[PDB]
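In what follows, a structure is listed as structure tokens, so that the remarks can point back to it.
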Amino acid sequence: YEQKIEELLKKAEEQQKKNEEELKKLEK
Amino acid sequence: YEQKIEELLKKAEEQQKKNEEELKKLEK
Amino acid sequence: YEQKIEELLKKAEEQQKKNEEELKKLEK
Amino acid sequence: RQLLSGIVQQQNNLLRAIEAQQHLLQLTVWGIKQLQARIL
Amino acid sequence: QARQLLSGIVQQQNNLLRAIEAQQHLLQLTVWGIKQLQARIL
Amino acid sequence: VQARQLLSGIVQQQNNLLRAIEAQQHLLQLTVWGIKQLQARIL
């Protein structure tokens with residue numbers, strides 16, 4: 001369980017960056 | 001506590017389905 | 001850890017309130 | 001633009017789930033404390 | 001228009017739900033394990 | 001052209017919830033370890 005949770009947390013952290021870098025794109 | 005968490009997570013899954021089928025209407 | 005989690009939860013509660021006002025403030 | 005309103009609602013559902021998980025977790029953290037203290 | 005950020009947002013919301021569900025299964029096991037340690041005492 | 005301030009709140013709200021889940025994960029890790037120790041003592 002503990003390995004699966006960090007797997008999903010990392011995936012959510014690499015997607016937060018996408019969404020945020022995607023937001024400075026919108027703010028133009 | 002556990003029953004409650006199960007209920008909110010139940011709700012979350014179904015709102016997630018509703019969200020995804022709607023994002024599909026907007027074309028993915 | 002508990003105190004840290006409480007502060008992040010508190011923040012997310014306010015931000016959730018902001019987004020619902022932004023969401024209602026989305027009409028004419 | 002109609003999908004925004006199900007996102008905000010889902011964010012409210014997750015927050016509420018994470019708040020109920022935090023009660024449960026605080027409860028187990030306290031239970032562990034009392035088992036440690038019986039040992040000591 | 002900004003569909004691509006909405007698509008990343010719903011994906012993240014799915015990533016976060018899944019992580020809470022994995023934490024829920026783990027939390028449940030600790031509650032169960034604490035209960036057995038309690039019953040051992042009683 | 002509207003609702004870009006709203007998307008802002010959503011995205012920082014997800015950072016909010018991830019950071020809360022990440023903190024919760026560390027505390028849960030700690031309780032699991034604590035239980036393991038308690039189980040080892042009986043065995």
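Quick note: the coordinates plus some simple rules give every number you see, no bench work behind them. We place every Cβ from the backbone using ideal geometry, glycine too, and count neighbours over all the protein chains shown.
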Label points 7 Å out from Cα along the Cβ direction at A:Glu13 and F:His26: separation in nm? 1.1 nm
Just to be sure I understand the model, the point goes 7 Å from the Cα along the line to the Cβ. What's the resulting F:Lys36 to A:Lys4 distance in nm? 1.8 nm
Please report, for A:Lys25, the nm distances (one decimal) from its label point, 7 Å out from Cα along the beta-carbon direction, to the equivalent points in the remaining copies, shortest first. 2.5, 2.7
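Work out, in µm²/s and without decimals, the Stokes-Einstein translational diffusion coefficient of the protein assembly as shown at 4 °C, 1.567 mPa s, Rh from Kirkwood over C-alpha pairs.
Values: Rh = 18.3 Å.
Approximately 71 µm²/s, per Stokes-Einstein.
Over chain F, what per residue volume does the convex hull of the Cα atoms give, in whole Å³?
Numbers: hull volume 1.5 nm³, N = 43.
Cα convex hull per residue, to the nearest whole number: 34 Å³.
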In nm, what does the list of distances from B:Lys10 to its counterparts in the other copies look like, shortest first, when each label sits 7 Å along Cα to Cβ? 3.3, 3.5
By how many degrees, between 0 and 90 and to the nearest 10, does the Cα long axis of helix F:4-42 differ from the longest principal axis of chain F? 0 degrees
